[PDB]
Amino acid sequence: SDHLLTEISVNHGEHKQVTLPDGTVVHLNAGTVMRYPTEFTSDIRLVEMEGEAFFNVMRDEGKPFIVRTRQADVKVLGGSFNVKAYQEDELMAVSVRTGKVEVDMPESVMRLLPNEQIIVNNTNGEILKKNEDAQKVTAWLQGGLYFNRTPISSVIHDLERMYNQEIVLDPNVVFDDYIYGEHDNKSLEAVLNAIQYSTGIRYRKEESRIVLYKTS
């Protein structure tokens, strides 16, 4: 007896770590699913994932490592990078710590170097390649938060997943804020207070939910 294929799922509020058969180390963020084989095929090292993970890929220049998501294939020979691709999110991002990374989509193929990032907007189809501190992007590894012109909906999803908390918007209020912020491991209430400071977004408890709102 022996398993050939495994699926690891991460709940909201938690983290998981996996060493793959090739020696690649994966850090899986809250709400992530990853399918991987107990032995890789001879031609590539393929994994399937939905959510967010940080990969530390074992260099093998004759056997590419592929992170397959619904929207893209992230291919390396070696390196370390973050893939953020939650099904519920409007954005997708691939950020490189070390190594060279190819992000392959039907409409674009881009090769990224350390501290380069690709942001794909699943709504309007806009793609952006820019420079970004990969250490800040991977702040979730140490339970931190990093927002750089991040839409409020992505901020809410990040908070819901990190703290395993339902966060709901007040239907009377308009929310189209872009958040800027950097938080060390803090409580949800400390982060919501920091967001209140820079946006005026207030929060209230309604049973098991947190309701966000604004007022004049």
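For every residue, the number given is its place in the sequence shown, counted from 1.
Look at the mean CA B-factor for 120-128 and for 133-141 in the entry; the higher one is 120-128. Relative to its counterpart among 53-61 and 36-44, 36-44 has the higher mean temperature factor, C-alpha atoms as listed in the PDB entry. Sort the modelled residues of the chain by CA B factor and residue 75 lands in the middle third. In the deposited entry, the Cα temperature factor of residue 110 sits in the top third of values across the chain's modelled residues. For residue 28, the recorded CA B-factor ranks within the lowest third of the chain. Only modelled residues enter the ranking.
Ranked within its chain, residue 165 lands in the middle third, by CA B factor from the PDB record. Sort the modelled residues of the chain by CA B factor and residue 173 lands in the highest third.
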